[PDB]
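This is final03.cif (mmCIF, N, CA and C atoms and all ligand atoms).
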data_data
#
loop_
_atom_site.label_atom_id
_atom_site.label_comp_id
_atom_site.auth_asym_id
_atom_site.auth_seq_id
_atom_site.Cartn_x
_atom_site.Cartn_y
_atom_site.Cartn_z
N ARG E 1 -0.43 -9.27 -26.53
CA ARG E 1 -0.73 -8.04 -25.73
C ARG E 1 -0.99 -8.47 -24.31
N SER E 2 -0.13 -8.04 -23.40
CA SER E 2 -0.32 -8.42 -22.00
C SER E 2 -0.98 -7.34 -21.13
N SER E 3 -1.00 -6.10 -21.61
CA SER E 3 -1.53 -5.01 -20.79
C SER E 3 -3.04 -5.10 -20.68
N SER E 4 -3.56 -4.64 -19.54
CA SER E 4 -5.00 -4.55 -19.35
C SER E 4 -5.33 -3.43 -18.38
N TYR E 5 -6.60 -3.05 -18.38
CA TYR E 5 -7.07 -1.96 -17.56
C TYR E 5 -8.38 -2.32 -16.87
N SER E 6 -8.46 -2.02 -15.56
CA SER E 6 -9.64 -2.30 -14.74
C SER E 6 -10.09 -0.99 -14.22
N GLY E 7 -11.37 -0.68 -14.39
CA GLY E 7 -11.89 0.65 -14.03
C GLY E 7 -12.79 1.19 -15.14
N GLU E 8 -13.14 2.47 -15.06
CA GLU E 8 -12.86 3.33 -13.91
C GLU E 8 -13.87 3.09 -12.75
N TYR E 9 -13.38 3.01 -11.51
CA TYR E 9 -14.26 2.81 -10.35
C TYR E 9 -14.51 4.09 -9.57
N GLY E 10 -15.78 4.47 -9.45
CA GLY E 10 -16.17 5.72 -8.76
C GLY E 10 -17.00 6.64 -9.65
N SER E 11 -16.79 7.94 -9.52
CA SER E 11 -17.62 8.88 -10.25
C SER E 11 -16.90 9.89 -11.14
N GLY E 12 -17.66 10.87 -11.64
CA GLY E 12 -17.22 11.72 -12.75
C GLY E 12 -16.71 13.09 -12.39
N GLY E 13 -16.69 13.41 -11.10
CA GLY E 13 -16.21 14.71 -10.65
C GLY E 13 -14.70 14.77 -10.64
N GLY E 14 -14.19 15.93 -10.25
CA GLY E 14 -12.75 16.15 -10.19
C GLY E 14 -12.13 16.20 -11.57
N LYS E 15 -10.81 16.09 -11.60
CA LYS E 15 -10.03 16.14 -12.82
C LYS E 15 -9.29 14.84 -12.98
N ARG E 16 -9.15 14.40 -14.23
CA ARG E 16 -8.38 13.20 -14.54
C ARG E 16 -6.89 13.30 -14.19
N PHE E 17 -6.33 12.18 -13.73
CA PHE E 17 -4.88 12.03 -13.59
C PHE E 17 -4.44 10.66 -14.09
N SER E 18 -3.17 10.56 -14.42
CA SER E 18 -2.62 9.26 -14.82
C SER E 18 -1.16 9.16 -14.46
N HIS E 19 -0.75 7.99 -13.97
CA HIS E 19 0.65 7.75 -13.67
C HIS E 19 1.34 7.01 -14.83
N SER E 20 0.71 7.01 -16.01
CA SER E 20 1.29 6.35 -17.19
C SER E 20 2.80 6.66 -17.39
N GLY E 21 3.22 7.92 -17.31
CA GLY E 21 4.69 8.17 -17.41
C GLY E 21 5.58 7.54 -16.33
N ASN E 22 5.03 7.37 -15.13
CA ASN E 22 5.83 6.99 -13.98
C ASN E 22 6.47 5.59 -13.98
N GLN E 23 5.94 4.64 -14.76
CA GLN E 23 6.44 3.26 -14.67
C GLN E 23 7.90 3.17 -15.13
N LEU E 24 8.34 4.18 -15.87
CA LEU E 24 9.76 4.29 -16.26
C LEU E 24 10.71 4.49 -15.09
N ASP E 25 10.21 5.07 -14.00
CA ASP E 25 11.00 5.21 -12.78
C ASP E 25 11.23 3.88 -12.06
N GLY E 26 10.35 2.91 -12.32
CA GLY E 26 10.47 1.63 -11.66
C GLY E 26 9.14 0.99 -11.29
N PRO E 27 9.21 -0.20 -10.71
CA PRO E 27 8.05 -0.93 -10.20
C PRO E 27 7.45 -0.13 -9.03
N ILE E 28 6.17 -0.33 -8.75
CA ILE E 28 5.59 0.24 -7.53
C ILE E 28 6.30 -0.31 -6.30
N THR E 29 6.76 0.59 -5.42
CA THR E 29 7.52 0.18 -4.23
C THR E 29 6.92 0.71 -2.91
N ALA E 30 5.93 1.59 -2.99
CA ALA E 30 5.26 2.15 -1.82
C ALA E 30 3.97 2.87 -2.18
N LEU E 31 3.13 3.05 -1.16
CA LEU E 31 1.83 3.65 -1.35
C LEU E 31 1.61 4.66 -0.23
N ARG E 32 1.12 5.84 -0.60
CA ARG E 32 0.59 6.79 0.38
C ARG E 32 -0.88 7.02 0.07
N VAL E 33 -1.70 6.94 1.12
CA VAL E 33 -3.12 7.17 0.98
C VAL E 33 -3.56 8.09 2.08
N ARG E 34 -4.12 9.22 1.71
CA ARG E 34 -4.68 10.16 2.73
C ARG E 34 -6.15 9.82 2.94
N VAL E 35 -6.54 9.66 4.21
CA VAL E 35 -7.88 9.15 4.55
C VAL E 35 -8.56 10.05 5.59
N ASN E 36 -9.85 10.27 5.42
CA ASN E 36 -10.60 10.97 6.51
C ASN E 36 -11.75 10.14 7.09
N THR E 37 -12.74 10.81 7.69
CA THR E 37 -13.83 10.08 8.37
C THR E 37 -14.55 9.16 7.41
N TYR E 38 -14.76 9.63 6.18
CA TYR E 38 -15.55 8.90 5.18
C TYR E 38 -14.82 8.43 3.94
N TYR E 39 -13.75 9.12 3.54
CA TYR E 39 -13.25 8.94 2.18
C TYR E 39 -11.76 8.74 2.05
N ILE E 40 -11.38 8.29 0.87
CA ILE E 40 -9.99 8.42 0.42
C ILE E 40 -9.81 9.80 -0.21
N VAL E 41 -8.94 10.57 0.44
CA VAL E 41 -8.75 12.00 0.15
C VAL E 41 -7.66 12.23 -0.89
N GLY E 42 -6.62 11.40 -0.83
CA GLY E 42 -5.48 11.61 -1.71
C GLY E 42 -4.65 10.36 -1.90
N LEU E 43 -3.81 10.39 -2.94
CA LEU E 43 -2.98 9.23 -3.27
C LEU E 43 -1.62 9.69 -3.75
N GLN E 44 -0.61 8.89 -3.43
CA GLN E 44 0.71 9.02 -4.01
C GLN E 44 1.27 7.59 -4.13
N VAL E 45 2.02 7.34 -5.19
CA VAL E 45 2.56 6.01 -5.41
C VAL E 45 4.04 6.18 -5.71
N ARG E 46 4.87 5.29 -5.15
CA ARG E 46 6.34 5.41 -5.36
C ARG E 46 6.70 4.42 -6.46
N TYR E 47 7.32 4.93 -7.53
CA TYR E 47 7.74 4.09 -8.68
C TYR E 47 9.25 4.04 -8.61
N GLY E 48 9.82 2.86 -8.38
CA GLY E 48 11.23 2.79 -8.00
C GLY E 48 11.47 3.60 -6.73
N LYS E 49 12.36 4.59 -6.83
CA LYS E 49 12.68 5.41 -5.66
C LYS E 49 11.98 6.76 -5.77
N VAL E 50 11.10 6.92 -6.75
CA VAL E 50 10.48 8.24 -6.99
C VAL E 50 8.97 8.28 -6.74
N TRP E 51 8.57 9.13 -5.80
CA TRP E 51 7.13 9.35 -5.56
C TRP E 51 6.48 10.13 -6.71
N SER E 52 5.26 9.71 -7.09
CA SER E 52 4.42 10.41 -8.07
C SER E 52 4.02 11.80 -7.54
N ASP E 53 3.54 12.70 -8.40
CA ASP E 53 3.00 13.98 -7.88
C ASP E 53 1.76 13.67 -7.08
N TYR E 54 1.61 14.31 -5.93
CA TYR E 54 0.46 14.05 -5.06
C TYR E 54 -0.84 14.43 -5.75
N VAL E 55 -1.87 13.59 -5.65
CA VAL E 55 -3.19 13.96 -6.14
C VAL E 55 -4.24 13.83 -5.05
N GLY E 56 -5.22 14.71 -5.13
CA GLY E 56 -6.34 14.75 -4.21
C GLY E 56 -6.18 15.92 -3.25
N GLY E 57 -6.90 15.86 -2.14
CA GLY E 57 -7.00 17.02 -1.24
C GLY E 57 -6.18 16.87 0.04
N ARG E 58 -6.40 17.79 0.97
CA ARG E 58 -5.55 17.87 2.14
C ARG E 58 -6.25 17.53 3.46
N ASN E 59 -7.56 17.33 3.42
CA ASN E 59 -8.32 17.10 4.66
C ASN E 59 -8.38 15.63 5.10
N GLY E 60 -7.28 15.11 5.53
CA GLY E 60 -7.23 13.75 6.06
C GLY E 60 -5.85 13.44 6.57
N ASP E 61 -5.71 12.25 7.13
CA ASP E 61 -4.46 11.78 7.72
C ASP E 61 -3.74 10.89 6.74
N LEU E 62 -2.43 11.09 6.65
CA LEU E 62 -1.63 10.33 5.68
C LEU E 62 -1.25 8.96 6.22
N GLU E 63 -1.57 7.90 5.45
CA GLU E 63 -1.13 6.54 5.76
C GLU E 63 -0.16 6.10 4.68
N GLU E 64 0.87 5.37 5.07
CA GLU E 64 1.96 5.02 4.16
C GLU E 64 2.37 3.58 4.39
N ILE E 65 2.51 2.82 3.31
CA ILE E 65 2.97 1.41 3.43
C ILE E 65 4.04 1.17 2.36
N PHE E 66 5.19 0.63 2.78
CA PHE E 66 6.25 0.24 1.85
C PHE E 66 6.09 -1.22 1.46
N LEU E 67 6.25 -1.49 0.16
CA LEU E 67 6.27 -2.86 -0.31
C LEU E 67 7.67 -3.42 -0.13
N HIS E 68 7.74 -4.72 0.08
CA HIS E 68 9.03 -5.38 0.20
C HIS E 68 9.68 -5.47 -1.18
N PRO E 69 11.03 -5.53 -1.21
CA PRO E 69 11.70 -5.69 -2.51
C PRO E 69 11.13 -6.87 -3.26
N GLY E 70 10.79 -6.62 -4.51
CA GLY E 70 10.28 -7.67 -5.38
C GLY E 70 8.82 -8.05 -5.16
N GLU E 71 8.10 -7.31 -4.30
CA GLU E 71 6.68 -7.57 -4.06
C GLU E 71 5.84 -6.81 -5.07
N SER E 72 4.85 -7.49 -5.65
CA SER E 72 3.99 -6.91 -6.67
C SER E 72 2.54 -6.99 -6.26
N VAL E 73 1.74 -6.03 -6.75
CA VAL E 73 0.29 -6.02 -6.50
C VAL E 73 -0.37 -6.83 -7.62
N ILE E 74 -1.16 -7.81 -7.22
CA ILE E 74 -1.76 -8.78 -8.17
C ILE E 74 -3.29 -8.69 -8.23
N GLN E 75 -3.89 -7.90 -7.33
CA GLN E 75 -5.34 -7.70 -7.30
C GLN E 75 -5.60 -6.42 -6.55
N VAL E 76 -6.65 -5.71 -6.91
CA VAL E 76 -7.06 -4.52 -6.12
C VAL E 76 -8.56 -4.58 -5.92
N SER E 77 -9.02 -4.60 -4.66
CA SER E 77 -10.46 -4.46 -4.40
C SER E 77 -10.70 -3.15 -3.68
N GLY E 78 -11.95 -2.73 -3.63
CA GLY E 78 -12.23 -1.44 -2.98
C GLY E 78 -13.69 -1.16 -2.87
N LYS E 79 -14.02 0.04 -2.39
CA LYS E 79 -15.41 0.43 -2.22
C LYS E 79 -15.50 1.91 -2.54
N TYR E 80 -16.61 2.33 -3.15
CA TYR E 80 -16.84 3.75 -3.38
C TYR E 80 -18.31 4.13 -3.17
N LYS E 81 -18.54 5.45 -3.23
CA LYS E 81 -19.87 6.07 -3.44
C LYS E 81 -19.79 7.07 -4.60
N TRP E 82 -19.92 8.36 -4.31
CA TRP E 82 -19.56 9.41 -5.24
C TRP E 82 -18.04 9.60 -5.20
N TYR E 83 -17.44 9.14 -4.10
CA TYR E 83 -15.99 9.20 -3.93
C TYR E 83 -15.45 7.89 -3.45
N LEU E 84 -14.17 7.69 -3.68
CA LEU E 84 -13.55 6.45 -3.27
C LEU E 84 -13.54 6.36 -1.75
N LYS E 85 -13.80 5.17 -1.22
CA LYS E 85 -13.83 4.93 0.22
C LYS E 85 -12.82 3.92 0.78
N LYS E 86 -12.53 2.87 0.01
CA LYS E 86 -11.66 1.82 0.48
C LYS E 86 -10.85 1.31 -0.71
N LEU E 87 -9.62 0.95 -0.41
CA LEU E 87 -8.74 0.24 -1.36
C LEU E 87 -8.01 -0.88 -0.61
N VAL E 88 -7.95 -2.08 -1.20
CA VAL E 88 -7.14 -3.14 -0.69
C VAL E 88 -6.26 -3.62 -1.82
N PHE E 89 -4.96 -3.46 -1.62
CA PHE E 89 -3.94 -3.95 -2.54
C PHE E 89 -3.46 -5.33 -2.14
N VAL E 90 -3.74 -6.34 -2.97
CA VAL E 90 -3.37 -7.72 -2.66
C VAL E 90 -2.06 -8.03 -3.35
N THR E 91 -1.09 -8.54 -2.60
CA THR E 91 0.27 -8.72 -3.17
C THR E 91 0.65 -10.18 -3.37
N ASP E 92 1.70 -10.40 -4.17
CA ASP E 92 2.16 -11.77 -4.42
C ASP E 92 2.99 -12.35 -3.27
N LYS E 93 3.13 -11.59 -2.18
CA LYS E 93 3.73 -12.13 -0.95
C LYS E 93 2.65 -12.37 0.09
N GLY E 94 1.40 -12.31 -0.36
CA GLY E 94 0.25 -12.69 0.43
C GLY E 94 -0.25 -11.60 1.37
N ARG E 95 0.16 -10.35 1.14
CA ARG E 95 -0.30 -9.25 2.00
C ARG E 95 -1.54 -8.59 1.45
N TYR E 96 -2.34 -8.05 2.37
CA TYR E 96 -3.56 -7.33 2.03
C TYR E 96 -3.41 -5.91 2.58
N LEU E 97 -2.97 -5.00 1.72
CA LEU E 97 -2.64 -3.64 2.15
C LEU E 97 -3.89 -2.81 2.04
N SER E 98 -4.51 -2.54 3.20
CA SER E 98 -5.85 -2.00 3.26
C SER E 98 -5.87 -0.53 3.70
N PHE E 99 -6.69 0.27 3.05
CA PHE E 99 -6.85 1.68 3.41
C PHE E 99 -8.28 2.09 3.32
N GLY E 100 -8.75 2.86 4.30
CA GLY E 100 -10.07 3.42 4.18
C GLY E 100 -11.15 2.70 4.97
N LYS E 101 -12.38 3.07 4.70
CA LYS E 101 -13.51 2.65 5.50
C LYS E 101 -14.31 1.59 4.76
N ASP E 102 -14.61 0.52 5.49
CA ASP E 102 -15.27 -0.66 4.94
C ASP E 102 -16.76 -0.41 4.71
N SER E 103 -17.06 0.49 3.79
CA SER E 103 -18.42 0.89 3.45
C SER E 103 -18.52 1.31 1.98
N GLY E 104 -19.65 1.01 1.34
CA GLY E 104 -19.93 1.48 -0.01
C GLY E 104 -20.11 0.37 -1.05
N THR E 105 -20.12 0.76 -2.32
CA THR E 105 -20.24 -0.17 -3.42
C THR E 105 -18.90 -0.87 -3.59
N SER E 106 -18.92 -2.21 -3.63
CA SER E 106 -17.73 -3.04 -3.77
C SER E 106 -17.22 -3.16 -5.23
N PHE E 107 -15.90 -3.23 -5.41
CA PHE E 107 -15.30 -3.65 -6.72
C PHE E 107 -14.11 -4.53 -6.48
N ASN E 108 -13.79 -5.32 -7.51
CA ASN E 108 -12.76 -6.31 -7.40
C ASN E 108 -12.06 -6.45 -8.74
N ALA E 109 -10.84 -5.89 -8.80
CA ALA E 109 -10.11 -5.79 -10.05
C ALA E 109 -8.98 -6.82 -10.10
N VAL E 110 -8.95 -7.60 -11.20
CA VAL E 110 -7.89 -8.59 -11.41
C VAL E 110 -7.35 -8.44 -12.83
N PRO E 111 -6.09 -8.80 -13.05
CA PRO E 111 -5.59 -8.55 -14.40
C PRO E 111 -6.15 -9.53 -15.43
N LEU E 112 -6.32 -9.09 -16.67
CA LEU E 112 -6.83 -9.99 -17.71
C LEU E 112 -5.84 -11.09 -18.14
N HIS E 113 -4.56 -10.72 -18.30
CA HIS E 113 -3.56 -11.60 -18.96
C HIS E 113 -2.58 -12.27 -18.03
N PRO E 114 -1.89 -13.34 -18.51
CA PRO E 114 -0.99 -14.07 -17.64
C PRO E 114 0.19 -13.26 -17.09
N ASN E 115 0.47 -13.52 -15.82
CA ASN E 115 1.61 -13.04 -15.05
C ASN E 115 1.87 -11.54 -15.25
N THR E 116 0.79 -10.81 -15.10
CA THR E 116 0.85 -9.36 -15.10
C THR E 116 0.61 -8.87 -13.66
N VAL E 117 1.09 -7.66 -13.38
CA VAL E 117 1.00 -7.07 -12.03
C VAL E 117 0.62 -5.61 -12.21
N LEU E 118 0.35 -4.92 -11.10
CA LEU E 118 -0.08 -3.52 -11.19
C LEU E 118 1.15 -2.68 -11.54
N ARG E 119 1.08 -1.97 -12.66
CA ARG E 119 2.20 -1.14 -13.09
C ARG E 119 1.97 0.33 -12.85
N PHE E 120 0.72 0.80 -12.93
CA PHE E 120 0.40 2.18 -12.56
C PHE E 120 -1.06 2.38 -12.32
N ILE E 121 -1.41 3.53 -11.72
CA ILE E 121 -2.82 3.88 -11.50
C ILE E 121 -3.21 5.16 -12.26
N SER E 122 -4.51 5.35 -12.48
CA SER E 122 -5.02 6.58 -13.02
C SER E 122 -6.30 6.81 -12.23
N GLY E 123 -7.00 7.90 -12.51
CA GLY E 123 -8.29 8.12 -11.84
C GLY E 123 -8.72 9.55 -11.99
N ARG E 124 -9.51 10.02 -11.04
CA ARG E 124 -9.95 11.40 -11.04
C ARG E 124 -9.80 11.91 -9.63
N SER E 125 -9.41 13.18 -9.51
CA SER E 125 -9.25 13.78 -8.16
C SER E 125 -9.61 15.25 -8.12
N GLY E 126 -9.96 15.70 -6.92
CA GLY E 126 -10.17 17.11 -6.61
C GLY E 126 -9.70 17.32 -5.19
N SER E 127 -10.64 17.64 -4.30
CA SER E 127 -10.29 17.69 -2.88
C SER E 127 -10.38 16.27 -2.32
N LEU E 128 -10.88 15.32 -3.15
CA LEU E 128 -10.94 13.90 -2.76
C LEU E 128 -10.53 13.05 -3.94
N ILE E 129 -10.52 11.73 -3.75
CA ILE E 129 -10.34 10.82 -4.90
C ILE E 129 -11.71 10.44 -5.44
N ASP E 130 -12.02 10.96 -6.62
CA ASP E 130 -13.33 10.72 -7.24
C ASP E 130 -13.44 9.33 -7.86
N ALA E 131 -12.31 8.82 -8.34
CA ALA E 131 -12.38 7.60 -9.13
C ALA E 131 -10.99 7.05 -9.25
N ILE E 132 -10.91 5.73 -9.46
CA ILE E 132 -9.64 5.07 -9.67
C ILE E 132 -9.69 4.02 -10.79
N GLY E 133 -8.55 3.88 -11.47
CA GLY E 133 -8.34 2.85 -12.51
C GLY E 133 -6.97 2.19 -12.31
N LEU E 134 -6.90 0.91 -12.69
CA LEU E 134 -5.72 0.11 -12.40
C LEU E 134 -5.19 -0.38 -13.73
N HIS E 135 -3.88 -0.25 -13.92
CA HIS E 135 -3.24 -0.64 -15.19
C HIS E 135 -2.25 -1.76 -14.92
N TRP E 136 -2.52 -2.89 -15.55
CA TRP E 136 -1.79 -4.10 -15.39
C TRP E 136 -0.86 -4.35 -16.58
N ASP E 137 0.31 -4.88 -16.29
CA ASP E 137 1.24 -5.26 -17.38
C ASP E 137 2.31 -6.20 -16.86
N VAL E 138 3.12 -6.72 -17.79
CA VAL E 138 4.27 -7.54 -17.39
C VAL E 138 5.31 -6.72 -16.59
CL CL E 201 10.81 10.98 -4.17
#
Rewrite the coordinates I just gave you, this time as structure tokens.
Amino acid sequence: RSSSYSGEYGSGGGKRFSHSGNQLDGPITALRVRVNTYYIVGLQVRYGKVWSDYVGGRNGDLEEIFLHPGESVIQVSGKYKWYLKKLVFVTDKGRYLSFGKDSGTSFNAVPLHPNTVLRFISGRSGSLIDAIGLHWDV
């Protein structure tokens, strides 16, 4: 069994979401994160050439980062309070894809099993991102 799960990081408000179906579209190839003065407001993840359904709220500015072909996320750190505040996606090409404000309770997620990478995310959302979980696999 190579799959593992890190989380859930954050709190209990909002509604649950999961990108479990999306990994069939492809590897993660891009990230959209909506950010405001204090929080991570929303998330979208591109699986192959297909963006996930948008989750979270509308009160923030959209930031977008494309991963290079064949680049994988191998660690995710972040910060929260009652809501998510910071995410850093660490890649196997040595990049640190950072979003949000450097404040709050710290977390540091790494995969349990050998040569696994981030395959999808889940969490909770409303008008903000309440919580996040990371799903690792081959
Ligand atoms: Cl699309």
Let me have all residues with an atom within 8 Å of ligand CL 201 (chain E), counting only N, CA and C atoms and all ligand atoms, laid out as a tab-separated table (two decimals) with N, CA and C atoms, keeping the file's coordinate frame.
chain	number	residue	atom	x	y	z
E	46	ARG	N	4.87	5.29	-5.15
E	46	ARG	CA	6.34	5.41	-5.36
E	46	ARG	C	6.70	4.42	-6.46
E	47	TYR	N	7.32	4.93	-7.53
E	47	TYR	CA	7.74	4.09	-8.68
E	47	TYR	C	9.25	4.04	-8.61
E	48	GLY	N	9.82	2.86	-8.38
E	48	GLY	CA	11.23	2.79	-8.00
E	48	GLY	C	11.47	3.60	-6.73
E	49	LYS	N	12.36	4.59	-6.83
E	49	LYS	CA	12.68	5.41	-5.66
E	49	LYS	C	11.98	6.76	-5.77
E	50	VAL	N	11.10	6.92	-6.75
E	50	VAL	CA	10.48	8.24	-6.99
E	50	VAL	C	8.97	8.28	-6.74
E	51	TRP	N	8.57	9.13	-5.80
E	51	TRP	CA	7.13	9.35	-5.56
E	51	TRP	C	6.48	10.13	-6.71
E	52	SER	N	5.26	9.71	-7.09
E	52	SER	CA	4.42	10.41	-8.07
E	52	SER	C	4.02	11.80	-7.54
- Query: Where in chain E does DSSP assign strand (DSSP E or B), given as a ChimeraX atom specification?
  - Reply: /E:4-10,15-18,28-35,40-47,50-51,55-56,61-66,73-80,84-91,96-100,105-109,117-125,129-137
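Note that the spacing between CA of residue 3 (chain E) and CA of residue 63 (chain E) amounts to 29.0 Å.
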- Selected residue of minimal separation from residue 6 (chain E) among E:99, E:66, E:136, E:54, counting all atoms listed in the file: E:136
- Sphere at (0.3, -12.9, -12.8), radius 12 Å, counting only C-alpha atoms: residues as a ChimeraX atom specification: /E:2-4,72-75,90-92,110-119,136-138
Contact check, region 40-132 of chain E to region 7-15 of chain E, at most 7 Å, counting only N, CA and C atoms, closest pairs as a Markdown table:
| residue | atom | partner | partner_atom | distance |
| --- | --- | --- | --- | --- |
| E:80 | CA | E:10 | CA | 5.8 |
| E:81 | C | E:10 | CA | 5.7 |
| E:82 | C | E:11 | N | 4.8 |
| E:83 | N | E:11 | N | 5.6 |
| E:84 | N | E:10 | CA | 5.8 |
| E:109 | CA | E:7 | N | 6.8 |
| E:123 | C | E:15 | C | 5.4 |
| E:124 | CA | E:15 | C | 4.0 |
| E:125 | C | E:15 | N | 3.8 |
| E:126 | N | E:14 | CA | 4.3 |
| E:127 | N | E:14 | CA | 6.4 |
| E:129 | C | E:11 | N | 7.0 |
| E:130 | C | E:11 | N | 4.0 |
| E:131 | CA | E:9 | C | 4.1 |
| E:132 | C | E:9 | N | 3.9 |
